[PDB]
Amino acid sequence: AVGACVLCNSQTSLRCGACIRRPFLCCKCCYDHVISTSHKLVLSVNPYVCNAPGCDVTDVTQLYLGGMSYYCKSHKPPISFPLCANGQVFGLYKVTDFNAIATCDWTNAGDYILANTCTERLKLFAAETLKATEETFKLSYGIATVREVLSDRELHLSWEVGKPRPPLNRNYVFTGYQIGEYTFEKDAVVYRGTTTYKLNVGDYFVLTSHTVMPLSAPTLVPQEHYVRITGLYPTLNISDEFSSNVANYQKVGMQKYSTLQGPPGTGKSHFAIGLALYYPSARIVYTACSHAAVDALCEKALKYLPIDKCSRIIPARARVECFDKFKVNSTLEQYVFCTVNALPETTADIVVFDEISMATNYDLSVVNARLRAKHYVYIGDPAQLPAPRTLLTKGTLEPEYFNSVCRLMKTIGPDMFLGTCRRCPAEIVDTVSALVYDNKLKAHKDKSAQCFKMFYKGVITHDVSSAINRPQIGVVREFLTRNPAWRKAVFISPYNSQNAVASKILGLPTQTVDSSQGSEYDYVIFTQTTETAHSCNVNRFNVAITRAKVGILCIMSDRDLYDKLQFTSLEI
C-alpha cells in the first residue's frame, strides 16, 4: 500500500483509485492528475472518502483532513485542511501524457503513438493499462453454445443474444468447457480443437481472459557501448558461411543491445544461429512471441548447432503442436528456444529476440524481467506486420510506434541491416525495396519472368466484415488452367473468408498475409480482395509479395499498389 510514483519515482502512500492499474502517484503528480482528469478517487491505507456516516463524497478535490480523518465540505470540523492545495494531494512523504494514457479507451492510433513516445516508466504504465483494457474487453462478448455436431471438423453454433459475436478467425482463441483451446472458421462452421475431443452437444466456449501482471523491467535496458567485446569469446576459425556477419557479431559483443533490420529472406535466422557459432561458449536464449517464430529458429539451429546443447521450452498448457527435435523443458541447456510467454527466470550471455515487429512493449518488458543477459539482440523488420491491436479501430499505427525497438529502427536507424534478399525474384525485390526500404534492399536472384499482375476490382461481398471477391478467384481459376506449373501455388489474401472460398474453388493451400509472415513458397497467388486501409497497408503488401521464391500472381484492386508492382501485366 506504499510505493514509488510512476512519474517521478518519489515515494507515496497515494494510488489513483480511478486508474485501472491503481498506480502509485506522489503528492505533486497525484494533484496534476486529479485536477485535470475525471479521476478523483485517491487511495491510501484507507481510501480518501468522507468518514462521516452515510456520506458518499469520494472526490479528493471536495475532501479535507479533519485531524487524522477525511471529511467533505459539509462534514469537516472547523480545524480542517483541504486535501488538494498548492499543487499537492495530502499523503505521506510530502503529467499531460500520463493523463492521456490513464483515460484513453485505446481505440485510436494516437493512444499507441503516445504509449511509444512517452518516458520509459510511462511506456510500462501504458503497456499494463492497454493489456488490462484488452482483457476486460474480452468479457464484453457473447458465448457460443453447440447446437449440432456435423462431423470431426464441422459443427453448428447458437450465439448469446444481446452480446456481440467475435470475429471467427485464428486471431480469436476460445477456451472450451477446460476441454482444451478451440478455434473457428466460417450456416456450417469449421472447428479446430487443440485437444482432440468428441465435441459435446450443448457445451459452451469462452475467449480466454488472462490476468495482466504488472511490469517492472524497461522495454529496453539502458544502452551501454563498450571498447572491446564484453563477456563473449569469439572463434578465430569462423565458417565461410557466416563470414558476412563477423563485423555485425562483433558489434553485438560491443554494445548492451543491438537492432538488426532484416528484410524478407536477407538471412535473419542465419544471422541468429551464426551468432552461436561466432561465440561458441555463449549461452543463448532464442525468443519470439509466436511458437512458429521460435520453431523456425529451432529448424535453423538443428542444421548448425549441436542438438544435445538445445532445448525447446514448452509450457504445461500445450497450446499448439511445436518443435519436437530438441530435449523439452531443459532450462539449463546452452541453447534455449522459447516463446516470450513461456520464458523461465534465467540468465544468458546473449538473448536473441526475433520477429521484433510482432512484439509489444509488454513483451519487450517481460523479456527484460525474465532474462538477465550480457547482450540483447533484437531481430526483425519494421516494414513487416505488427501484432494485432484488437482495440484499435480508428487510425493507422505506423511502424515507428509498433514498440520501442521499432521506434529506434525507424528514428535513429537499425544498428545492423541485412541488405541482400536471397529469396525473391528481382521483380519482387525491386518493388519492395522502393516501397518500404528507401531503395536499400538489393536482389540476389535475377528476375524470374514469373511475376504477374492483373488489375481486376471484381465484386466485393462480405462474411460479416471479412471480405470475399469471387470474381478475383475466378480469374485465378482461369489462370491456373493456362499455367499448370502454378498448381503448387499457395493462395494468399488479406481475408480469411476470401481464403475459405479460394480453398473450395481452387483447392490451393491457403494463408492470410498475417499468417504467411516468416514463411516462403515457390509460387504465390495473391488476390487483394478489396481496396481498404487493411488490404492496402504497405507492410502487409510487402509481406504478401515477399513470400515468393519463384513466381507470384497479384490480382489487384488498388491502382497505386498495382502501378508500383514491377511485374508483367496480364489481360482479361
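If you superpose the two forms and keep the largest set of C-alpha atoms that fall within 1.5 Å, you have the rigid core. Note that residue numbering follows the sequence shown and begins at 1.
Q: Rigid core superposed, root mean square over structures and residues, which stretch has C-alphas farther from this form in 9 other deposited structures of this protein, 377 to 385 or 154 to 162?
A: Looking at 377 to 385 versus 154 to 162 in 9 other deposited structures of this protein, the farther one turns out to be 154 to 162.
Q: Fitting on the rigid core only, I'd like to know which of the two stretches, 123 to 131 or 323 to 331, ends up farther away in Cα terms in 9 other deposited structures of this protein.
A: Taking the RMS over all superposed structures in 9 other deposited structures of this protein, 323 to 331 lies farther out.
Q: Please determine whether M213 lacks coordinates in at least a third of the other PDB entries of this protein that model its flanking residues.
A: No; none of the other entries leave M213 out.
Q: Does a third or more of the other compared entries skip modelling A318?
A: Yes, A318 lacks coordinates in at least a third of the other compared entries.
Q: Missing residues between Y177 and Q178 in the deposited sequence, please: none, 1 to 3, 4 to 9, or 10 or more.
A: Gap between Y177 and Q178: 4 to 9 unmodelled residues.
Q: As recorded in the PDB entry, how many deposited residues are without coordinates between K94 and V95: none, 1 to 3, 4 to 9, or 10 or more?
A: 4 to 9 residues lack coordinates between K94 and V95.
Q: Between 455 to 463 and 232 to 240, name whichever shows the higher mean Cα B factor according to the PDB entry.
A: The stretch with the larger average C-alpha B-factor is 232 to 240.
Q: Higher average CA B factor in the deposited record is what I'm after, so tell me if that's 19 to 27 or 558 to 566.
A: According to the entry, 19 to 27 carries the higher average C-alpha B-factor.
Q: Out of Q384, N403, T145, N99, whose C-alpha atom has the biggest B factor in the entry?
A: Highest CA B-factor of the listed options: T145.
Q: Return the residue from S140, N108, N469, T481 that has the highest Cα B-factor in the entry.
A: Max CA B-factor in the entry, restricted to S140, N108, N469, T481: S140.
Q: By the record's CA B-factor, is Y437 among the lowest, middle or highest third of residues in the chain?
A: Lowest third.
Q: When the deposited Cα B-factors of this chain's modelled residues are ordered and cut into thirds, is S44 in the lowest, the middle or the highest one?
A: Highest third, going by the recorded CA B-factors of the chain.
Q: Which third of the chain holds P166 when residues are ordered by C-alpha B factor: lowest, middle or highest?
A: As the PDB entry reports it, the C-alpha B-factor of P166 lands in the highest third of its chain.
Q: Which third, lowest, middle or highest, does the C-alpha temperature factor of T208 belong to within its own chain?
A: Its C-alpha B-factor, which the entry lists for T208, ranks in the highest third among residues of this chain.
Q: Consider only the C-alpha atoms of the modelled residues in this chain, order them by B-factor as the entry records it, and name the third containing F125: lowest, middle or highest.
A: Middle third - that is where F125 ends up once the chain's C-alpha B-factors are sorted.
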